[PDB]
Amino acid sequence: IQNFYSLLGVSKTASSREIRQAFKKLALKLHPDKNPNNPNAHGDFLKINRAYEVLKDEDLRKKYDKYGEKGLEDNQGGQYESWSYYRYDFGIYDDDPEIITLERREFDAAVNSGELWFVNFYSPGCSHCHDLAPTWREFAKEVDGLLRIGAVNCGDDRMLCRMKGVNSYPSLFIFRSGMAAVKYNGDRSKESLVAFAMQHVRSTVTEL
């Protein structure tokens, strides 16, 4: 019997990252715009997209896990993006193991834990975010293990970004439980990011 998990080819315990990756693979092969000679391409993709939109959201996935398709409509999940969007603007940091992409629950835990986190708040369709992406990845490798490096997709949770006083993108903030967040305001070079992160790593909560 079909369910959203088996439709995407993933386990019921898959992470949000695994779910994006499985969905993306389906999209890059099957997108209707790329398969115009196939009349069912549109309908088939609508079903995969509807699955993805439920599983991507923690509340909606919990509800689905518990009750199946309760309260869903047969034709919801109908608005999908271009092939190019899935190819270049979707799950941006999913193949960068040095960067953790945080959803709301995990973001709140991160900032409460006491660990030092430096988080890139970005949004889909953002040219400055794409410009910064390769450098954020290179930076995350350089400082790997010295502090925690995060990313938040504001496209997926606008209110989280709003809550944290993020209204323009990219916005880079460093956080540690018990201290006020500090915004990064440098030139976005890899050496600038490193020098900024490292002053905060050096500051512990005490000094010599």
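Note that residue numbering begins at 1 and tracks the sequence as displayed.
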| query | finding |
| --- | --- |
| Residue range whose averaged C-alpha B-factor is higher in the record, 123 to 131 or 67 to 75 | 67 to 75 |
| 77 to 85 set against 113 to 121, stretch whose average Cα temperature factor tops the other in the entry | 77 to 85 |
| Given 170, 150, 32, 178, the residue at which the Cα B factor reaches its maximum | 178 |
| Third of chain Cα B-factors occupied by residue 43 | highest |
| Residue 156 - which third its CA temperature factor falls in, relative to the rest of the chain | highest |
| Third of the chain's Cα B-factor distribution that residue 16 belongs to, per the entry | lowest |
| B-factor third for the C-alpha atom of residue 59 within its chain | highest |
| For residue 140, the third of its chain into which the C-alpha B factor falls | lowest |
